[PDB]
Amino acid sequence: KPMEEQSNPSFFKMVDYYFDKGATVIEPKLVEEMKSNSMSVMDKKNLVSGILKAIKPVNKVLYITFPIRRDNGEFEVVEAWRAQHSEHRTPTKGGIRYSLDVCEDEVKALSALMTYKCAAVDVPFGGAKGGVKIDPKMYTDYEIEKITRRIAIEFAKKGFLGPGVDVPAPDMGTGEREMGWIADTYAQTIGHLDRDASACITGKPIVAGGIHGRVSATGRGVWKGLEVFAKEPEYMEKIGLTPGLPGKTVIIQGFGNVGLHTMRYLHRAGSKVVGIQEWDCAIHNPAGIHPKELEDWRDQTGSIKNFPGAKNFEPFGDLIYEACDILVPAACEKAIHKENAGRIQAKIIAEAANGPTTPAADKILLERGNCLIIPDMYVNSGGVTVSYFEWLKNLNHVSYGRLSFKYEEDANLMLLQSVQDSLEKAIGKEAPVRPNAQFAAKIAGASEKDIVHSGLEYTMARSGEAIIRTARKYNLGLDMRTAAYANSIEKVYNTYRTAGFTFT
């Protein structure tokens, strides 16, 4: 069965089908970019197709087994995997899962997706992904620590951990304290002469070189991606909406890190979050749900169920089919497939999760003509941008703003004082020129996270605009996914084009 008609396809097959759509569009452009007076047009097309043939498969996978000592004294053997999809830029970049679902095929497929997401936000890393096949809840903190230090050593001995070769990150089942342990193990062993050891991994605690602004970054990028598309009347009218985020109604599938922080930013932006659907229960409220109260309730009772500021909802798994302006898939992959795509009524889908829409569903919804999907490899890449800033920070050996906050603040005050002196000379009375309420608040709370926030907002706007320009140039309509892959493929291809692919 062709991919556009399958029901539960493999994740790696989805990535490659979407890759092919983008490659077909951008191929003539790639041929034109190959400047060579020695090659005919036929020769150029054969080399371009060779380059694309090398990009799609994963370059490298390392598989390891190793014993650990349980706390009571018996020993167990643990499996782990680390995939490096592309080395066209080094180091490679990607997270590490502790989960019973990790396997070779899964670290392969998500490492491919990660190469394209790095290219999408102009982050100079090839894609990587890793995993340890354990249920982290069945282990004590002491056992988790021994497992974590051992994967650091074994990965680093073979070139799958280090600031210049491969730089990991947190994922499901790991967090910042595991990242601190890996950084400490690397610095004391394999990396003991490395001047930049703390740059071997990102997601670290602040005290160990982590960066302010990381926790909310993926959510802040989902908000900024919607804002780039909500300001465009040509697209908002085709789908039956008015410009802007204030007033729009939002249903969110998932209340993890990504769902909760996206709710905070969309609420602050003036949107109405009318529905939260979880794995065992759903809630709703057509007037909107207040983020701080909902998070507080779940924090105390253990669930979003019976939230006083909303009502529980009928067969909880069907909330995502209700009418809304924006649906945010923020849970598991393939949550939208062939058998339920038609039941979707949202006008905008913002993929805050890895591949939540299969190619069959993506096609059913493109044919319906009234639904704009903002692709995952762009819109949930905010955290990838800020992990690039954390690596930079560890290479700079100083926090952002340490040598500029006071210098720039004093220049700004001398600027306003110069304006005040000239104004008073001109109108001949006293006339204070001070920072207004908003400017005084920024000046007073100036910190590293503001530089990080501005860096992320800059990248998402630039990349979002480039997707739109590509979609208009090739008459792609509302198919922004194909436009995003074409921009991503084009960047990777140009590395191979200038590095030299003549050898083989």
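One-based numbering along the sequence shown.
- Remark: stretch with higher mean C-alpha B factor among 160-168 and 368-376 is 368-376.
- The stretch 255-263 shows the higher mean C-alpha B-factor when 255-263 is compared against 116-124 in the entry.
- Ranking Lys406, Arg82, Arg434, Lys363 by the C-alpha B-factor listed in the PDB entry places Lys363 at the top.
- Ranking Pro233, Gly131, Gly209, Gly191 by the C-alpha B-factor listed in the PDB entry places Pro233 at the top.
- Among the modelled residues of the chain, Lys146 sits in the lowest third by CA temperature factor in this PDB entry.
- Annotation for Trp223: CA B-factor lies in the middle third of the chain's modelled residues.
- Sort the modelled residues of the chain by CA B factor and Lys425 lands in the middle third.
- Per-chain ranking of the deposited C-alpha B factor places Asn59 in the lowest third.
- Sorting the modelled residues of the chain by their CA temperature factor places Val48 in the lowest third.
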